[PDB]
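Undergrad: 3D model of this:
(5 chains, ligands or ions: 9)
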Amino acid sequence: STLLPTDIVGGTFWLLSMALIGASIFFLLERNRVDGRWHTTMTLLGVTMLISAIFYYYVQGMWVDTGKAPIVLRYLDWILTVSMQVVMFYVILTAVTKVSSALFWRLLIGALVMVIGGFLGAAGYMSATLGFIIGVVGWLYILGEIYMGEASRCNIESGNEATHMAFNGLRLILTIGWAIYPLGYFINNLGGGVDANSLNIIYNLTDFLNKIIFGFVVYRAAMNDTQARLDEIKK
Amino acid sequence: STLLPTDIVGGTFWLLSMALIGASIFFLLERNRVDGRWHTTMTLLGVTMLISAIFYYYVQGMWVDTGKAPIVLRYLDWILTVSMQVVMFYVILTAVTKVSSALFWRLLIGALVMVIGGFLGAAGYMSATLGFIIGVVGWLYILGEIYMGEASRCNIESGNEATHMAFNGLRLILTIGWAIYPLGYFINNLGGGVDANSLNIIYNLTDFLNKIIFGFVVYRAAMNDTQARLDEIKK
Amino acid sequence: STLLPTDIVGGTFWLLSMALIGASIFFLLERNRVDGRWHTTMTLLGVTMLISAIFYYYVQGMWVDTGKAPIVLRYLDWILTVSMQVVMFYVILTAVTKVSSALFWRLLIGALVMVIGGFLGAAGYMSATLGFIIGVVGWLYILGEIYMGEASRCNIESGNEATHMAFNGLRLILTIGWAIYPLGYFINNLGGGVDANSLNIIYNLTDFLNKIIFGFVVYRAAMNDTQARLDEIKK
Amino acid sequence: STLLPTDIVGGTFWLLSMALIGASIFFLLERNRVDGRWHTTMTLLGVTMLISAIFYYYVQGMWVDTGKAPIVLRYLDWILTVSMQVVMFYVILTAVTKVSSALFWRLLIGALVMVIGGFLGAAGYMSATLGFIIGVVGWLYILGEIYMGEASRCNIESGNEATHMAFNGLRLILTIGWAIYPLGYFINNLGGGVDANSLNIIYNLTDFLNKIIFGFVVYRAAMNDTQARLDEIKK
Amino acid sequence: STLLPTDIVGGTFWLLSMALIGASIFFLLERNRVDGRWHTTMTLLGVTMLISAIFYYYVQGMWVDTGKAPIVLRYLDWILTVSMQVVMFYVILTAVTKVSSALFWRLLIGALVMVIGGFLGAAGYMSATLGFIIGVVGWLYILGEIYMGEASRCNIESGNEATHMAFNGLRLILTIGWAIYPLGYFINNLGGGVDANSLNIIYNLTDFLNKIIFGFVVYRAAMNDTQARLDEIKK
Ligand SMILES: *C/C=C(C)/C=C/C=C(C)/C=C/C1=C(C)CCCC1(C)C
Ligand SMILES: *C/C=C(C)/C=C/C=C(C)/C=C/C1=C(C)CCCC1(C)C
Ligand SMILES: *C/C=C(C)/C=C/C=C(C)/C=C/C1=C(C)CCCC1(C)C
Ligand SMILES: *C/C=C(C)/C=C/C=C(C)/C=C/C1=C(C)CCCC1(C)C
Ligand SMILES: *C/C=C(C)/C=C/C=C(C)/C=C/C1=C(C)CCCC1(C)C
Ligand SMILES: CCCCCCCCCCCCCCCCCCCC
Ligand SMILES: CCCCCCCCCCCCCCCCCCCC
Ligand SMILES: CCCCCCCCCCCCCCCCCCCC
Ligand SMILES: CCCCCCCCCCCCCCCCCCCC
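TA: Numbers count the residues shown, from 1 in each chain, chains lettered A, B, ... in the order given. Ligands and ions are numbered 1, 2, ... in the order given. Now the structure:
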């Protein structure tokens, strides 16, 4: 009776594909109902989800056919979608306040180091140790920016209550949620190893929570700020 | 001559895929004609149907190829779409009245227990008995909320005639319509068993009625309330 | 040289798929240019065509692979799209006048008896004779409604010239156009029999005319009424 | 290493598919920026291109698999898309002037005779000679209409400079551009014959020019007229 | 461990497909937020990305199946997408200033010579030398136009700060970014030769940067000019 991990692997790939195409359409359709200052935020949110959905459509095909789906495949999605998620901190701030363009590049370059540093270590192009180290340095920058950098100070000075809640929530996703992936990398590569079937499940589930909760956090910020403005217009 | 159950299984998978993509596009296109307070209701309705349509597209492929479509596959759709349907009670109330956000989480957690409780019992991760029990407890919460809870009291105090009709109708779907699935689980798992082909037909037909009637109930509420408002504007 | 019927079967399946996806997009894109009272009419028109297009996409796959496409497959499309076409008489009337909701259910139930009555006779679940009889009773109701029923009286009392033209045109499609299908059923089932290849061609061609002419009749009504109103606004 | 015609055949099928899906989206997205009188013109333009794109998607599949793509397959696209292109002369005139609806039917029937006349001769259902003759008679009508008929006189009396340019340009496409297809038919059927690999290239390239140049001619007319009106509003 | 080039080839085809469908949807959805004078610029930007995404969808299929993806396949995409990118210089200028239509044709013909000149040399229809020479002449025209031609003079006289930034940025892409492709051609054909696997990677990466950076440059111009206008309206 007990379903085999292999069964759960290709099931979760379907789940992820459906959930993310759903979230995508939902965020792209509700982009017309947020104040216009939030339109790019909502367009980037829906397109992030669409990109990830297309990844899972590709991967489910590779699983159905070949029966294998390596973990290095992820760095295609991540190179795209981690980048877009870290940029969301800038896009959200520009919605409500004025921030230097430099924040955009610090954040993006920080994401690119995290993913590329780990890819090089996973693909074999360099020691997985040096892969981990470069990846963690990339992360700790991003965290450094959003906790004690221009992004954090810009948040405080915005005065936007929506942007306060967004930041507090996205920062928590990027700190706890995103800590699964490094862990995975460590155990799989620098450690004993994990069956790829089992690591495909964990990554599939973590993606469900680190992409949906991210999306809903940002969507509530856009919807709450939109309403706040309408309520102040009424007064 | 007599078509074989196997024939009717893969036919109904097509029916369900066509009907649900049709209902999806219809609810997403008519979302621009309802009062704006009903836009999220209509966006969630169309995206629920799209998610289910994508499921049936996946499953029809598995059937066409392998010739088998297990009943545990359903919990991918259900984990997504049951959740969204139970949340519709909150989304509808927030359209017309003021309701605690806590209701959102009581309802969602209630759905997650129902589906996950049954998945664990169907996958083999726990006795199907304990699966049933946990599933039914999850349901009876949801029913408890919408019959004698904050959702029910908020409905009464809304004063919205549309929200009255919606509730009365959705409550009936969730009580009678949704009682097929537990029944299935009982007979298939805790009972003698069903032949999977037969249970795929029943579930395919029940999905047609528990997703279309749900959608049309909610669509009529949004369309009726929209008009009510226009008629009071004219006065 | 002479193309074989088998060649024309899979060709016509492509034709139908293209024509119906084309008509679908055209009716869904032109729904924004008709008076808003015609928006549901145009949304149902485009979604009817989309549902049929998806059917033909499925069937062309079955043909390309298996080389066979049974005639009982049609009742998937028909159960959906015949229902929607018979309801169009109600949706059009509610665009321009006030009609009882009962008409909706008389019409829908009439369609469901027609298709289901014939499915049961085609699938083998009952004598094809009793299938025919139940199917024809279902049709003759629908005709009875639209010729000498509430639908007919509501048309006369609407005073809408567009709704007069629509009715006259749709009632002619439902009387002459739709008489091919019963004929087919009779000859194939109650009669000697028809090669499925030949009957797939006839049904493919009849669908092209009974779905396009239907769509264009309804689209002209919506476009003509829209303009009539603008011309009276100018005066 | 000179690429083989077979290589160029399936390459050009891809080209055509991409170009036509691109033109389709472009015309359907720019339909919102033309004066509303041009909305049906632009909706028919985009849907013509979409229909042809879907054809080429089907055909590329047949090529990739079977390695053969007969030239009689074209008459599926042509029956749809030639009809729509000849009707564009009516749709454009009704945008800017008042024209009898009879022109619509003369033009459509003229197209249907051209394609069907040639199909019957290509499929084998009648002498290719009689196929050619019936096809050319159908064409020469259409040319007769647009050069010396109601379409030509309506153009002159419109006074629309955009409709003058469109007509002059579409007339040239229908006279020179469309003369490739008859030629092909003659050489392939009434003449010696052409390898279907070579005739698929010529037809693929001619479709690229007789569908893109057609589209851009019509799009410039809609965009030029839109602006002309805005410039006269400013004065 | 070290991933094989073959692995990276089909991975990058996925990346490119996802990134370009993402950029496409993003540019087509943000088309509604730029000043209307920028709507064609944004529609051409999104459709360029879509055309390239569809190419990579085709090519990934050819790789997955056949295991080979020749470098001559590229000229299908390039004939379309290079053309559209060189025309963007005209479309952008017409957004903000008055420019002769002749520039459109000089630019387009210049692109067509570049790609076709190289195709003829790659396909074998003429010496790769003469292919290179004709290709480089085509390029050097385009550069000549945009550096010291009507396009450059029109830019200077526009007075638009957005169009200044766009031009300077696109000119840099067309000069440095686009210099990789000629290099490839030279080394592969006129030179020693390169494994197609390696050249597929380089071209895949260069496309990611020469199509995204192009798109973001143009999008910033449209977004910056839109805002500049709003800011001057406020004053
Ligand atoms: C939607 C997918 C997401 C958010 C994935 C997140 C990925 C990371 C945070 C990866 C981090 C890594 C390190 C910090 C160490 C080196 C290995 C990585 C790339 C897995
Ligand atoms: C659109 C699909 C729907 C609404 C499915 C509904 C599913 C349920 C109501 C499932 C309920 C179950 C129990 C109450 C007991 C345990 C077994 C379940 C999960 C089938
Ligand atoms: C778009 C497809 C259409 C309109 C199909 C129409 C189908 C019918 C009118 C079927 C009628 C039948 C009878 C009246 C008796 C025998 C059984 C049927 C279902 C073929
Ligand atoms: C987009 C495709 C187009 C415009 C195809 C055009 C087709 C024709 C003009 C066909 C004409 C023919 C004749 C005039 C003679 C008989 C053979 C035909 C059908 C090829
Ligand atoms: C999005 C794809 C792009 C921008 C591709 C650019 C292609 C070129 C600039 C090709 C140029 C060539 C030459 C200048 C010499 C001959 C060979 C070519 C076609 C590769
Ligand atoms: C000034 C107002 C805010 C505008 C922000 C624009 C954000 C657009 C989306 C950014 C996408 C980032 C790149 C993601 C892909 C990975 C990196 C590719 C380039 C090297
Ligand atoms: C003013 C009263 C309401 C007028 C508009 C009603 C709109 C109904 C549009 C949807 C009709 C769907 C009915 C056909 C469903 C097809 C499948 C039925 C299978 C049982
Ligand atoms: C004021 C009147 C304006 C009328 C506009 C009519 C628009 C018609 C658009 C659709 C034309 C379809 C032409 C036929 C398509 C192919 C079907 C014929 C048999 C192959
Ligand atoms: C063979 C290559 C085919 C594609 C090349 C052409 C693609 C771009 C054409 C569409 C955009 C033209 C828009 C013109 C806008 C300005 C018109 C001048 C008056 C303002």
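Undergrad: contact residues of chain A facing chain B?
TA: A:1-3, A:8, A:11, A:14-15, A:17-19, A:21-22, A:25-26, A:29-30, A:33 (C-beta under 8 Å from any C-beta of the partner chain). C-beta: built from backbone N, CA, C; applies to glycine.
Undergrad: any chance of a ChimeraX selection covering the buried ones in these?
TA: Applied in ChimeraX, the following selects the buried portion of those according to 16 or more other C-beta atoms under 10 Å in any protein chain shown:
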select /A:8,11,14,15,17,18,19,21,22,25,26,29,30,33
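Undergrad: in helices only, show me the residues of chain A next to chain B.
TA: A:8, A:11, A:14-15, A:17-19, A:21-22, A:25-26, A:29 (DSSP state H).
Undergrad: the residue lying closest to residue A:193 once chain neighbours are set aside and residue A:208, how far apart?
TA: Nearest residue to residue A:193 in three dimensions, chain neighbours excluded: residue A:187, at 7.4 Å (C-beta to C-beta, 6 or more residues apart in numbering or on different chains). Counting by C-beta to C-beta, to the nearest Å, the gap from residue A:187 to residue A:208 is 20 Å.
Undergrad: before we move on, what about residue A:130?
TA: From residue A:130 across to residue A:208, the span is 31 Å (C-beta to C-beta).
Undergrad: residue of chain A with the smallest distance to ligand 5?
TA: Across chain A, the shortest distance to ligand 5 (C-beta to the nearest ligand atom) belongs to residue A:80, at 18.0 Å.
Undergrad: what's near enough to touch the closest residue in space to that residue that isn't next to it in sequence?
TA: Residue nearest to residue A:80 in three dimensions, not counting chain neighbours: residue A:51, with 5.2 Å by C-beta to C-beta, 6+ apart. Neighbouring residues of residue A:51 by C-beta atoms under 8 Å, 6 or more residues apart in numbering or on different chains: A:77, A:80-81, A:84, E:18-19, E:21-22.
Undergrad: more neighbours: which of residue A:187 and residue A:208?
TA: Using other C-beta atoms under 10 Å in any protein chain shown as the criterion, residue A:187 and residue A:208 rank with residue A:208 on top: 18 against 14.
Undergrad: list the buried ones in the top helix by length along chain A?
TA: Longest helix in chain A by number of residues, with DSSP H as the criterion: helix A:196-234. Residues of helix A:196-234 classed as buried by neighbour count (16+ other C-beta under 10 Å): A:196-197, A:199-204, A:206-208, A:210-211, A:214-219, A:221-226.
Undergrad: quick one: it near ligand 1?
TA: Yes. Contact between helix A:196-234 and ligand 1, assessed by C-beta under 6 Å from any ligand atom, occurs at A:207, A:210-211.
Undergrad: with distance to ligand 2 added, can I get these in a markdown table?
TA: Listed next are the residues of helix A:196-234 next to ligand 1 as a markdown table, based on distance: C-beta to the nearest ligand atom, whole Å:
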| residue | distance to ligand 2 |
| --- | --- |
| A:207 | 24 |
| A:210 | 26 |
| A:211 | 23 |
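Undergrad: how many residues are close by the residue of chain A found nearest chain D?
TA: Relative to chain D, the nearest point of chain A is residue A:32 (14.2 Å; C-beta to the nearest C-beta). By the criterion of other C-beta under 10 Å, residue A:32 has 16 neighbours.
Undergrad: who does the helix or strand in which residue A:87 is found touch, helix- and strand-wise?
TA: Residue A:87 belongs to helix A:74-96 when assigned by DSSP states H and E. Applying 3 or more C-beta pairs under 8 Å, 6 or more residues apart in numbering or on different chains; DSSP states H and E, we find helix A:74-96 packed against helix A:39-66, helix A:101-123, helix A:128-148, helix A:150-158, helix A:161-175, helix A:196-234, helix E:5-29.
Undergrad: how far does the fourth one sit from its chain's centre?
TA: From the chain centre to the centre of helix A:150-158 is a distance of 21 Å (C-alpha atoms, centre = their mean, to the nearest Å).
Undergrad: OK, contacts around the spatially closest residue to residue A:26 that is not a sequence neighbour?
TA: Closest residue to residue A:26 apart from its sequence neighbours, by C-beta to C-beta, 6+ apart: residue B:47 at 4.9 Å. Taking C-beta under 8 Å, 6+ apart, we find residue B:47 in contact with A:22, A:25-26, A:29, B:24, B:28, B:84.
Undergrad: and those residues, which is closest to residue D:93?
TA: For these, the residue nearest residue D:93 by C-beta to C-beta is residue B:28; the value is 35.2 Å.
Undergrad: closest point of chain A to chain E, which residue?
TA: Residue nearest to chain E within chain A (C-beta to the nearest C-beta): residue A:124, separated by 3.6 Å.
Undergrad: contacts only, for that residue.
TA: Residues near residue A:124 by C-beta under 8 Å, 6+ apart: E:1-3.
Undergrad: mind checking which of those land in strands?
TA: The members of those all map outside strands under DSSP state E.
Undergrad: how about those in a markdown table, adding distance to residue C:162?
TA: Formatted as a markdown table, the contacts of residue A:124 follow (distance: C-beta to C-beta, whole Å):
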| residue | distance to residue C:162 |
| --- | --- |
| E:1 | 71 |
| E:2 | 71 |
| E:3 | 65 |
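Undergrad: so which of the residues you listed comes closest to residue D:159?
TA: residue E:3 (67.4 Å).
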